[PDB]
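Just the one chain here, the form deposited in one PDB entry, laid out as structure tokens.
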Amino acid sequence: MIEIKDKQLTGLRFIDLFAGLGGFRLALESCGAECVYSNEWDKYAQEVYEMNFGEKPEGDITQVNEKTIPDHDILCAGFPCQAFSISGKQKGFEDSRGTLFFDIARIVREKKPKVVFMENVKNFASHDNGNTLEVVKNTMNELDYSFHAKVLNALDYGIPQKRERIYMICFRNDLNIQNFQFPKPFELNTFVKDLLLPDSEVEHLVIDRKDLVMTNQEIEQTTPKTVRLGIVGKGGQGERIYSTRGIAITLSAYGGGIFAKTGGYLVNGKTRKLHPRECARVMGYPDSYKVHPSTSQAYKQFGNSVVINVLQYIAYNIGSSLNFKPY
């Protein structure tokens, strides 16, 4: 993560829905806001959260009466993406994992917060011939909010990962906010090779396979794109090998392949997958964040999360717009 000296959000409160690791929390707290409620039902997510923040998130959102919730100013929520991802069955709202959005709607109507800030995958904006996005747009307008959405590739903001996501911000109609804007991009100056650990700590992650085919030569100069050097088996998800001089591919939570959830990389002549910590780093997490003791669960948790750095820049821009109230 980046460091914010001008704390544009001091004195405001928010809630953490579908918390996971608490990615939304680090982002907002670094700016000066305060967390007053949280909610996440996965047994293990509940453990890491407690370990790093010191409180236990409430359970199942579908059975929590909306009137218990504390008063707040910003509702943070990165709802489930398996029903909308380009790697799935694309069942949208017909999937019981796809109807969460409406519980958000339910909560919003009662507490009328100043800002709603959500996140989801690139394909959300194109699913069902574009109908799905309209539905979120119209429901938000009807509840008296404005709607702002855009797709941002992580490599345009300092993190070497090809992760494209749609971000959605909604201000309450009576505040009259007319100058919010999405941060401007910049040149990358960090690559996969600048975050790896020493060879003595990753020795157990190596893999020697004899169905290894080489389709390209290792490059000699840095670039901001994924460079495939080889393949194993048939070359499907988790069977592709890239270079440490380019950038990482999207980390996932239920992935397959011999190089599951992270991908394979050629390091100093040997091929291997990434360490939980090297995963924490390509997601922009700080070396002080204690990860879960069970390696397996740790991989899944990272593949489900958000990048910290992008959430930060957008967070700042939000506060700036709320703070401009001239005579």
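Throughout, we count residues from 1 along the sequence that is shown. Shifts are known only where both forms have a C-alpha. Basically, rigid core = biggest C-alpha set you can superpose within 1.5 Å across the two forms.
Quick note: we don't show the form deposited in another entry, though the next part is all about it.
Compare C-alpha positions between the shown form and the other one after fitting on the rigid core and state which of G98, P113, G78, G246 moves by at least 2 angstroms. With the rigid core superposed, the residue that stands out is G98.
Displaced residue check between the shown form and the other one: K184, CA, 2 Å or over, core reference: False for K184: its C-alpha shift is below 2 Å.
If you line up the core, does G233 shift 2 angstroms or more at its C-alpha between the shown form and the other one? After core superposition, the C-alpha of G233 moves less than 2 Å between the shown form and the other one.
Is there a C-alpha shift of 2 Å or more at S146 between the shown form and the other one once the rigid core is superposed? Where the cores coincide, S146 shows only a C-alpha shift between the shown form and the other one that is less than 2 Å.
With a C-alpha distance change of 3 Å or more, do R97 and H292 lie closer or farther in the other entry? Note: Cα gap between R97 and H292 widens in the other entry.
Closer or farther apart in the other entry, the C-alpha atoms of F79 and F93, for a change of 3 Å or more? Farther apart, which means the C-alphas of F79 and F93 are at least 3 Å more distant in the other entry.
Where does the protein shift between the shown form and the other one, taking runs of 3+ residues with every CA moved 2 Å or more once the core is matched? After core superposition, the one displaced run is 81 to 98.
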